[PDB]
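Close look at the chain arrangement
Okay, here's what each chain looks like letter by letter:
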Amino acid sequence: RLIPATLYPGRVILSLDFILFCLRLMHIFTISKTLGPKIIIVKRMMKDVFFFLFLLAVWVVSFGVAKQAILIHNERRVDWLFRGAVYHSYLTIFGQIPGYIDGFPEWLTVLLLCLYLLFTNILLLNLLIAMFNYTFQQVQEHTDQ
Amino acid sequence: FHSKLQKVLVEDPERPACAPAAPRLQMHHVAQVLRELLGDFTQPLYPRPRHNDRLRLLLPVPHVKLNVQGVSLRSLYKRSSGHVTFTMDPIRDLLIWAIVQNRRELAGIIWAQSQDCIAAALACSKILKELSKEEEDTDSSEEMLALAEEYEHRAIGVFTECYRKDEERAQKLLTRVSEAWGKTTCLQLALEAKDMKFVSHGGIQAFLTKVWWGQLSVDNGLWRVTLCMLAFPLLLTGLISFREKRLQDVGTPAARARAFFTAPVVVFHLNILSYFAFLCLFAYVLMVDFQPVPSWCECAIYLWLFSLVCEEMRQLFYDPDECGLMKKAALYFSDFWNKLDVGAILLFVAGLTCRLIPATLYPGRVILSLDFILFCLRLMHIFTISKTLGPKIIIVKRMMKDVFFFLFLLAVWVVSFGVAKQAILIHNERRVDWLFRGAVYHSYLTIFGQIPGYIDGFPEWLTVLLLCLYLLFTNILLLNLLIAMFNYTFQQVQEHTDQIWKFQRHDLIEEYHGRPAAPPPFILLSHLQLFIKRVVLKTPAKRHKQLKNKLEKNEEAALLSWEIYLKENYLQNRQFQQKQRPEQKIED
Amino acid sequence: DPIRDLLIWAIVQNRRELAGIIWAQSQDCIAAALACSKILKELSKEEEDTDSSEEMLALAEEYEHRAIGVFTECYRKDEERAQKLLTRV
């Protein structure tokens, strides 16, 4: 921030300090009786934060490489072909699907879009629901005390 | 068991097979039927060969001079042999006879005076389980299975008493061979009996975390060992927690890495990131390198396919029977992941033959993208490892056919909307294989969000109605009751899928231990290293790098005297714990 | 602390039946039970590798539940004096 030729790296390296301190904000927010005893379940999950991320986001890559291949996509720039190949793959998860661009291979553009969302939305959501709530039932008396 | 021994005397009858005579049951026969009930292990408890070939003694076969299918060292041929003194397992001979007759109360007394206690209980868990599956159709196959898990829990409590006092000698008790039982080391003898409960107990799972994580420790973190994997000079630093550094035995920093690279953790790691980056190498030659020629970065994949399918050639020549070439390969045919290995090879022959033919690059562009994800099933196949991953990737093993279930439910139920959408509105977008877009492909997109609301929207009130009504039967019933279907079945067989993953955990380590530390770019040299050896050698007598720890004689009695003392300490506890149960006291 | 001197000697020798009798005649009852919960827990982690480190840990939670029931009987009658019993030296 004091060195004048590096304000663009000074703009990108300190925005993570805003959220690294937000972990420290939630750190002193282990207080309330509905919060404290069940923010210890995320203390049952802090390394497991790194687990399902490295599961599902690498499993995102199992779609994100699989998407651009059959269609002939042509949008490329220096560090925006990575947009038109890789960054537009996480957006087609929580909704930004360019259906006029993502849509002859229409039947298979049905198929894996059903098949991949089968292994995510069913297995990695709702069995992961089992993983929590059982372990929520498990050590609950501990995490109370 | 008698009807099986009323058969081997007649499958090997008096004239053609036991060629003088065999209506007299002799101890070679009961050895031959026991190797059927046990597995592919060694020559059985009683002498097969020409010294005591107890198959052909009713006809005058010659005495001492003969030594071929007759008597050699025993005294006189009096329609018998003599005193084959005790044959070194004289209590264990009563134990096997008491088990196969299902005498539950009798066999418990004989096991109390046993010598090799852990193996003799564990072997009887296999003989019972292989007999209960054979035949009664009821009521004693249940009882034999009930006796099997009874002897299993009987076998755990001897090891548990032994594991507590000085466990470094207790792991030596596990992996030792036993001459009394056809060598059959105790860990290997458990696994063919399939033995859910025995393998899951504690130090047995902790012993596998000491052969895997080979010479290093169990203490070092997984995120911290992988730094020194790529950074070779960071291995030499004061970061890693060895045992050679504990005894300060670093006299050679290559030997500090020679023990390190031969550990099963990083021969797993180096194989993974070779396989993690080969699909990256395959991702290179589909985007930019779409050429009809074998290019610069193309020829290695032919040498990459020669490298990995010849690891099955290492496994075919690994541990067979020395006559059955087609009877060992049925076990590879009994593995659907092995059929997912070569099934991802046959699709490459259906993909390479479209890559060399120049008029079919557009079908060569669409048929090999599924090989990227068919191998990703094989990528997740070797990723049944982590303790938060392994025991709960077995819940998707509770779901692999059920993958085909809810798909064929909901995606056909997608069609119940996808036909219902285009009908009332007058849609007009049609092409050759894009009217299927404007009628069918835009129906799965209106599920996870791409709703052309300016195109999907007078029938506005019913365009409300089924869009509420259909999403009612999906989002409520097929999502959140499907949530019930999982988590209950997650609660169900969980202890199994814990112990199943505990049981499955050994099968990764036997593959990754008995294999040299060469990376898959360098595994091709070791494919030839055993072939140049057989230009010099001629017999398979190289090495036995199995667990299989043979023991010296003065150490075996230094262990077996200790274990009998721990058996009688355990047996007095269960005899006391039976008296402390209150339902005994009402009987008292 | 002449009773408490017998209590510490009875605990470190793991004499479970003997140490229960000595604690009955103790004077500073809440602290003397609670202190023995620490001496046991720091000894069971030290060494036997089995079978009495389990028992010392079993005696520790036994004295813990033994310590709660004295405070619970004390907390019910006039708890404003019971909190004074907690934070005293």
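Reading the values: the criteria
Residues numbered from 1 in each chain as written, not as in the entry; some residues may be left out. Chains lettered and ligands numbered in written order. Part of a larger assembly, values for the part shown. Heavy atoms only, no water. Helix = DSSP H or I, 4+ residues; strand = E, 2+ residues; numbered from the N terminus. Buried < 20%, exposed > 50% of the residue type's maximum accessible area, 1.4 Å probe, protein only. Contact = heavy atoms within 4.5 Å. Axes fitted to C-alpha atoms, helices over the stretch in contact; angles between N-to-C directions. Parallel < 35°, antiparallel > 145°, perpendicular 65-115°, else oblique. Left-handed = near helix turned anticlockwise from the far one by under 90°. Core = buried A, V, L, I, M, F, W, Y, C linked by side-chain atoms within 4.5 Å. Arc of directions from axis to C-beta.

This deposited entry lists cryo-EM as its structure determination method and 3.6 Å as its resolution.

All right, on to the overall build of chain C then. Assigned secondary structure in chain C consists of five helices and zero strands. Each helix and strand of chain C, ordered N terminal to C terminal, gives the series α-α-α-α-α. Considered along the principal axes of its C-alpha atoms, chain C spans approximately 45 × 25 × 20 Å. Residues counted as buried form 29% of the 89 residues belonging to chain C. Counted over contacts in chain C with a minimum sequence separation of 6, partners at least 24 positions apart contribute 47%.

Take the packing of helix α1 (residues 2-12) of chain C against helix α3 (residues 29-44) of chain C next. All names here are of chain C. Where α1 meets α3, the closest approach of the two axes is 10 Å, and the angle between their N-to-C directions is 30°. In terms of orientation, α1 and α3 fall into the roughly parallel class. Where α1 crosses over α3, the handedness of that crossing is right-handed. Every residue of α3 that contacts α1 at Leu-7, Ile-11 and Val-12 is listed here: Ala-32, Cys-36, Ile-39, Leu-40 and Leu-43.

Of all hydrophobic cores here, the largest spans 80 residues; its most connected members are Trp111(B), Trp181(B), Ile240(B) and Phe260(B). Among all residues touching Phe260(B), those that are not within four sequence positions of it are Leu216(B), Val225(B), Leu235(B), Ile240(B), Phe242(B) and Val266(B).

So, about the packing of helix α4 (residues 90-100) of chain B against helix α6 (residues 117-132) of chain B. All names here are of chain B. Running from amino to carboxyl end, α4 crosses α6 at an angle of 30°, the nearest separation of the two axes being 10 Å. Taken as axis vectors, α4 and α6 run roughly parallel relative to one another. Seen from above, α4 lies across α6 with right-handed handedness. Facing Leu-95, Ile-99 and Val-100 of α4, the residues of α6 in contact are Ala-120, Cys-124, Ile-127, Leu-128 and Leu-131.

Moving on to helix α5 (residues 81-90) of chain A. For an α-helix, the turn length of 3.6 residues means that residues three or four places apart are oriented alike. All names here are of chain A. All buried positions along α5 are accounted for by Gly-84, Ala-85, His-88 and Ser-89. Down the axis, α5 shows its buried residues gathered within 110° of arc, on one side only. Contacts made by the buried residues of α5 are with α4 (46-67).

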